[PDB]
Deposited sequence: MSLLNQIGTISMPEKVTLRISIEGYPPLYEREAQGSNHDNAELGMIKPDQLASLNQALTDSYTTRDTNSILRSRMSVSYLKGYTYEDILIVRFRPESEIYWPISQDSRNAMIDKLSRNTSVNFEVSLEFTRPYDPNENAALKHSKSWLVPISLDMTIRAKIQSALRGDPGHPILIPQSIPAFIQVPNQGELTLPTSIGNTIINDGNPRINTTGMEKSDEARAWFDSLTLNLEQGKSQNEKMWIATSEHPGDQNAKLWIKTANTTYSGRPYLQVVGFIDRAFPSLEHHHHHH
């Protein structure tokens, strides 16, 4: 079973690329994790907001439609699997294009062991025409240390894998996160950290310590947080 995350400027080779291949990178959800997710969704309603009750119940019953062996904890190692930049990742091309519509880019790709085998989705995030912000991205690509690449609302902490075509969102859960692509997406941050690779960290919208989030773990080998996606698989 294979899952792949790619973060890039649209049209160019990834700045960050990592596959996740039970063990640390791919595991089923633990019963305590499933329960803590459900309690988070259940208790998310405010009494005098009837809408929040409806939203929390659509969330609770969406979750109930999955056995815990259909809920994968997918963890991507934050270090890109390959150095940057090598023969050509189009560094100068990217830098020159930022100087026009340009779009940040992340893909999720899910392979399942022997329905169809391959299911994917791309998320585009328009880079502002403000040259102030495009300058910082440029010098970051130029290998200037202490210059991160911020890609807000770019990656979902929860994804749904269907038997049919492309990946979809758990929209009810997304709505619980919003009120109680979209505003509930995690934001990515890329750092070129001194043979040279980009390293990715993510942050939830709102409080990191919100109970809804299944907390990620840190890698043994580098002590860095795993990028994490929780996947709801449709059997």
{"query": "Ranges of the deposited sequence (numbered from 1) for which no C-alpha atom is modelled", "finding": "1-13, 35-38, 117, 133-138, 205-219, 234-238, 280-291"}
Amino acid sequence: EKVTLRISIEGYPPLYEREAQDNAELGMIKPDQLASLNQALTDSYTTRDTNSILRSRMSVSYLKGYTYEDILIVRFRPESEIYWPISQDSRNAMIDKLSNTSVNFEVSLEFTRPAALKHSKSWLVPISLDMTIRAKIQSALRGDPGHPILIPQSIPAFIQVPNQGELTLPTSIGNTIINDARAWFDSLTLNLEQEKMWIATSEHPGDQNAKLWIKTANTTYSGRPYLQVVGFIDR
From here on, numbers count along this sequence of modelled residues.
query	finding
Between 5-13 and 208-216 (mean CA B-factor, as deposited), the higher	208-216
Greater mean Cα temperature factor according to the PDB record, 136-144 or 115-123	115-123
Candidate set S202, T67, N191, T171 [ranked by C-alpha B-factor, highest]	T67
Top Cα B factor in the deposited entry, candidates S80, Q153, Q164, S90	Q164
Assigned third (lowest, middle, highest) for the C-alpha B factor of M197	lowest
Among modelled residues of the same chain, the CA temperature factor third for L98	middle
Entry-reported Cα temperature factor of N38, expressed as the chain third it lands in	middle
For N179, the third of its chain into which the C-alpha B factor falls	middle
Within-chain third of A157 by Cα B-factor, per the entry	lowest
